[PDB]
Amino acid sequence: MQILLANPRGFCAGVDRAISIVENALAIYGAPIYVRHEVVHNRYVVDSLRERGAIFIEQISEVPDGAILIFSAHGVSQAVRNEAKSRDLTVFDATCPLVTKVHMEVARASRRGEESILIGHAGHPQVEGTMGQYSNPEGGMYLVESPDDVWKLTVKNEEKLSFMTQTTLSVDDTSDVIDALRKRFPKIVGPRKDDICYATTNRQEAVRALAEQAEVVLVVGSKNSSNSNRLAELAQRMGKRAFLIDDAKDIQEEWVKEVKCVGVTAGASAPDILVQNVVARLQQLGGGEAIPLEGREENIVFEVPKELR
């Protein structure tokens, strides 16, 4: 069985920085370090950091006075940031810069009292943080997930309206939502295409190329990783069996029985060690040397804050 690897796959710049912020805080200050939400949506990265003394909580009221608190890469609402500020924690912010960029646009629209629409998935933490940049009661902040939600939405002033997106969406699905927004609200303003990040766009482009060669696609990533779920979904819509897996133990041999070409990719929050162990399992099940596909170059790095070097 041929094993193919998508390119690019695995860690993005945001994730690499976020994990280093927690590791470097643990190195500089010792355990414990509190982290609001899973730093990135990857069980191995989270369990790893847990075993090292990071404590993952969901609410600032779970964090003791005097503690060091790190906001996760997904970002936080103003109400969360203000809560932490009023508690006098020591706070470091691991929010990906490309999520902060969207936050600054929502804040700008709130200040202007002009309505904004976010395209994203309800209950995802990045959505909760981005919607939570909008504070002005005179305006409005609305979430839509599909064209159906656009066809139900009414706003106060459609002549002064903007949109933004979550970073880790399907590029194709998000384009359909934007088409519906522009048809319903022709004066809406937004970025040229969407706020989907480079890493999400590139991994989807790479899984499309992978799925055109492979019969079955394995995506290394956790169940609550949006970007990882988009990669498995993209391959399934091409007609390929595709499975989201945390690690090699999740591989069912029936999935690759008499398969001549299996493709492996990984979401932006999945470490390469997991991919290596998945490739070693697939070789136990009859696979050959893993062949990486040619792919679009990534060259972005985001450094940790100076105070955490």
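Numbers for residues come from their place in the sequence shown, where the first is 1.
Participant: Taking the recorded C-alpha temperature factors, which stretch has the higher mean, 44-52 or 273-281?
Facilitator: Between 44-52 and 273-281, it is 44-52.
Participant: Which is higher in the entry, the mean Cα B factor of 282-290 or that of 17-25?
Facilitator: If you average the C-alpha B-factors of 17-25 and of 282-290, the larger mean comes out for 282-290.
Participant: Say you rank 268, 264, 256, 244 by Cα B-factor from the PDB entry; which sits at the top?
Facilitator: Reading the PDB entry, the winner on C-alpha B-factor is 256.
Participant: So if I compare the CA B-factors in the entry for 167, 175, 204, 110, which one is the largest?
Facilitator: The listed residue with the largest C-alpha B-factor is 110.
Participant: Lowest, middle or highest third: which one holds residue 115 when the chain's residues are ordered by CA B-factor from the entry?
Facilitator: Tercile = middle for this residue's CA B-factor.
Participant: Report the third (lowest, middle or highest) to which the CA temperature factor of residue 60 belongs, ranking only the modelled residues of the same chain.
Facilitator: It falls in the top third of the chain.
Participant: Lowest, middle or highest third: where is residue 162 by Cα B-factor in its chain?
Facilitator: Answer is middle: the recorded C-alpha B-factor places it there.
Participant: Taking the entry's C-alpha B-factors for this chain, is residue 213 in the lowest, middle or highest third?
Facilitator: Highest third of the chain for residue 213's C-alpha B-factor.
Participant: Relative to the other modelled residues of the same chain, rank the CA B-factor of residue 136 and answer lowest, middle or highest third.
Facilitator: It belongs to the highest third of the chain when residues are ordered by C-alpha B-factor.
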